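These notes are about the structure you will find just below.
There are 2 protein chains.
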Amino acid sequence: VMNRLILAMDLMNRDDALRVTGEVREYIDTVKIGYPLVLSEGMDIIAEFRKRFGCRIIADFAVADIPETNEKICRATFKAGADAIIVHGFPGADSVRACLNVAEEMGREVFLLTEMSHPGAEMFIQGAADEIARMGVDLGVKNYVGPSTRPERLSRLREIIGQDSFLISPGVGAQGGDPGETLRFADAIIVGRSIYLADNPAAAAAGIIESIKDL
Amino acid sequence: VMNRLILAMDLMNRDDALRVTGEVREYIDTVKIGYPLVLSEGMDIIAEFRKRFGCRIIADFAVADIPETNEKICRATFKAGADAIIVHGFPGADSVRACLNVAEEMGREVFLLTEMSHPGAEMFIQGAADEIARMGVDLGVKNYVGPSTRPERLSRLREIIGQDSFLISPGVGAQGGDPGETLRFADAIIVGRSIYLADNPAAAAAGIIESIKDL
Ligand SMILES: O=c1cc(O)n([C@@H]2O[C@H](COP(=O)(O)O)[C@@H](O)[C@H]2O)c(=O)[nH]1
Ligand SMILES: O=c1cc(O)n([C@@H]2O[C@H](COP(=O)(O)O)[C@@H](O)[C@H]2O)c(=O)[nH]1
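Residue numbers (this note's numbering), protein chains in the order written: chain B, 819 to 1033; chain L, 819 to 1033.
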């Protein structure tokens, strides 16, 4: 990923989202689009972004349903032009497999969300996260998400998935995570508010990249 | 809920979804709309259904993100006209609270998904589900979802949430659950494929209701 930095584009207005993404496009090659934008502007926003910016799009849909519904969600998401989809592992192996099957058929990728970055992840997800990661490995998952806010957990995640697997990490900036420390373990960092709420998003992105280059 | 039966409308085509919902409208007063339909036809489908059928709409979006993103998802969903939203408890109390805060502000309801109905729920969710339910009670949640496929787990869920709380239950029909047994513990059952894939959905719905009335 260009500069190891993925923009989390969670503005809810098409005009604001396009403005900020355009301002920072020189510093990224990958945009994570989630439900805040999609549910406000429609699934057509994915193909609009892919065309206008020539970026890769990861659909962060935190997919967390039964296998049959997961199948339908992934089909709709890839039809809309997404390059990859984020899928929760907590619901279990059959729900993850359903997503992997659709990605295989459609020539796309699944990212497995292991531990989440916010405080409430400590209640239930953290105690299952090592096993969720090991399930991922067993299923042949090659792309994972884990938390910038807990680099010791990110290290343990990396330990389970190996060096060949690709690991991206949210929680940098607003949630308290640090770019450089997170990039000790993750291949790329996800950054939302620290860039898209900044008075100057391009300057915020540039500032992050300057600290990344220094690594 | 009319006849204690909620239609899970997971067809992906607006014309098919409207046809089937119209055919069974005399037997329900509540439709669960999820991502298969929304991501295929847009969020405007919610207000279309609410107008055309005068039904209540539960948005089954299995909300499973960090508090700030959950807030945005709930805001977009209620703006679209949903009466209630389904929210995972597995991510923890702060993520659930975020949804409860938006529901309070917008005069809507949150349903907390405890244990899921599919086989993979046994891996991670089932071992946390009692505690997820108890978290719900502590947060003041009054509406819950639990699995038709495991009535002993549905009983234990009901035990935790009490008789005043409202409990709806998917997994009836296609996934192997039974209407009558599930209604021993749940207030209403959710049914998707057994109705919407039937050669005659109205006859399928009527058949279910006839077995419900007999209880
Ligand atoms: O564990 C996770 C999983 C996520 O998807 N995310 C998502 O990553 C982004 C984080 O953005 P921000 O930099 O504004 O905190 C948001 O889109 C959030 O929904 C996260 O923060 N933590
Ligand atoms: O534990 C759960 C949670 C769900 O939301 N669901 C949803 O309830 C519906 C079940 O439909 P069906 O009757 O076709 O199996 C689907 O929309 C599914 O996504 C479920 O089956 N089990």
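Don't be surprised by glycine CBs; every beta carbon is placed ideally from N, CA and C.
How would you list, in chain order, the residues of chain B whose beta-carbon sits under 7 angstroms from the beta-carbon of residue i?
{"i": "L857 (chain L)", "result": "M861, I891, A894 and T895"}
{"i": "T887 (chain L)", "result": "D828, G852 and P854"}
{"i": "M941 (chain L)", "result": "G910 and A911"}
{"i": "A880 (chain L)", "result": "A882 and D883"}
{"i": "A946 (chain L)", "result": "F942"}
Using a Cβ cut-off of 7 angstroms, pull out every chain L residue sitting near residue i, in sequence order please.
{"i": "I884 (chain B)", "result": "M934, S935 and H936"}
Evaluate residue i with the Cβ neighbour count: other Cβ atoms within 10 Å of its Cβ, from every protein chain shown; 16 or more gives buried, anything less gives exposed.
{"i": "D982 (chain L)", "result": "exposed"}
{"i": "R1002 (chain B)", "result": "exposed"}
{"i": "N888 (chain L)", "result": "buried"}
{"i": "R870 (chain B)", "result": "exposed"}
{"i": "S1029 (chain B)", "result": "exposed"}
{"i": "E970 (chain L)", "result": "exposed"}
{"i": "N821 (chain B)", "result": "buried"}
{"i": "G998 (chain L)", "result": "exposed"}
{"i": "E859 (chain B)", "result": "buried"}
{"i": "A1021 (chain B)", "result": "exposed"}
{"i": "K850 (chain B)", "result": "buried"}
{"i": "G852 (chain L)", "result": "buried"}
{"i": "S987 (chain L)", "result": "buried"}
{"i": "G954 (chain B)", "result": "buried"}
{"i": "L1033 (chain L)", "result": "exposed"}
{"i": "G958 (chain L)", "result": "exposed"}
{"i": "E927 (chain B)", "result": "buried"}
{"i": "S973 (chain L)", "result": "exposed"}
{"i": "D828 (chain L)", "result": "buried"}
{"i": "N1018 (chain L)", "result": "exposed"}
{"i": "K890 (chain L)", "result": "buried"}
{"i": "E933 (chain L)", "result": "buried"}
{"i": "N961 (chain L)", "result": "buried"}
Who pairs with residue i in a beta bridge, going by DSSP?
{"i": "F984 (chain L)", "result": "L:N961"}
Is DSSP giving residue i helix, strand or coil here?
{"i": "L825 (chain L)", "result": "strand"}
{"i": "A992 (chain L)", "result": "coil"}
{"i": "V838 (chain L)", "result": "helix"}
{"i": "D833 (chain B)", "result": "helix"}
{"i": "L1033 (chain B)", "result": "coil"}
If the cut is a Cβ gap below 8 angstroms, which residues of chain L does residue i touch?
{"i": "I950 (chain B)", "result": "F942"}
Kindly list, in the order they appear in chain B, the residues whose Cβ is closer than 9 angstroms to that of residue i.
{"i": "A1016 (chain L)", "result": "The premise fails here: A1016 (chain L) is roughly 16 angstroms from chain B at the closest Cβ pair, so nothing lies under 9 angstroms."}
Quick one: does residue i have its CB under 7 angstroms from some CB of chain A?
{"i": "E927 (chain B)", "result": "In summary, chain A is missing from the structure at hand, where the protein chains are B and L."}
Problem - Complete runs of the beta strand (DSSP E) confined to the stretch 842-888 of chain B [at least 3 residues] - result: Unbroken beta strand (DSSP E) runs of no fewer than 3 residues, entirely contained in the stretch 842-888 of chain B, are found at 848-852 and 874-881, following chain order.
Practice task
Mind listing, in chain order, the continuous alpha helix (DSSP H) runs of no fewer than 4 residues lying wholly within the stretch 897-969 of chain L?
Solution key: 911-924 and 943-957
Exercise for the section: Would you mind listing the alpha helix (DSSP H) stretches within the stretch 990-1028 of chain B that are 4+ residues and don't spill past its ends, in chain order? Expected result: 997-1000 and 1011-1014
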